[PDB]
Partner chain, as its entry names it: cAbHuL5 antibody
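Take a look at this single chain in structure tokens; it is the form solved without the partner chain.
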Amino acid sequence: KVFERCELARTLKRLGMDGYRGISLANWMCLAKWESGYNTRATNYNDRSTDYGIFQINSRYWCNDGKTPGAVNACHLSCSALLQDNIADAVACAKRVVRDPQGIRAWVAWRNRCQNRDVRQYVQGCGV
């Protein structure tokens, strides 16, 4: 599913993402745009791991895709649950990811496209 901007924004607010571990909704939104373009089916293949879904969660430490060497499955979820039109499991696993010391900097794209920039644009006009 390819979410529209405010639609995705309303779902994340409802799922408790706003201000979670100090990460504003606008930042979660900025991360999702750059990582997947709001598409839940987004998949990126690297040599030894695959990134899944809307937040591009990695198969090495987070989900089990049954084909990754050294998999820890910290989210205790199959990676296929991160390619669902329903994003409740992805939000839940993304919350776990930022509980780690790196926080949202775990994603290089956030650092390069969102960090220290005006991200108000992602939620303006959404009533969120």
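We call the rigid core whatever largest set of C-alpha positions still superposes within 1.5 Å between the two forms. Positions refer to the first chain, counted from 1.
request  = Return whichever of 91-99 or 40-48 has the larger RMS Cα deviation from the displayed form in 4 other deposited structures of this protein, where every structure is aligned on the rigid core.
outcome  = Output: 40-48, the stretch lying farther off on average in 4 other deposited structures of this protein.
ask   = With respect to the recorded C-alpha B factors, which stretch has the higher mean value, 3-11 or 119-127?
value = Higher mean C-alpha B-factor in the PDB entry: 119-127.
request  = Give the stretch, out of 33-41 and 97-105, with the larger mean C-alpha temperature factor in the deposited entry.
outcome  = Result of the comparison: 97-105.
ask   = Based on what the PDB entry reports, which of 57, 71, 88, 75 has the top C-alpha B-factor?
value = Of the options given, 71 has the highest CA B-factor in the PDB entry.
message = Ranking the modelled residues of this chain by C-alpha B-factor as given in the entry, is residue 17 in the lowest, middle or highest third?
response = Answer is highest: the recorded C-alpha B-factor places it there.
task = Taking the chain's C-alpha temperature factors as the reference, tell me which third residue 49 falls into: lowest, middle or highest.
result = CA B-factor rank for residue 49: middle third.
task = Just say lowest, middle or highest third for the CA B-factor of residue 84 relative to the other modelled residues in its chain.
result = For residue 84, the deposited C-alpha B-factor lands in the highest third.
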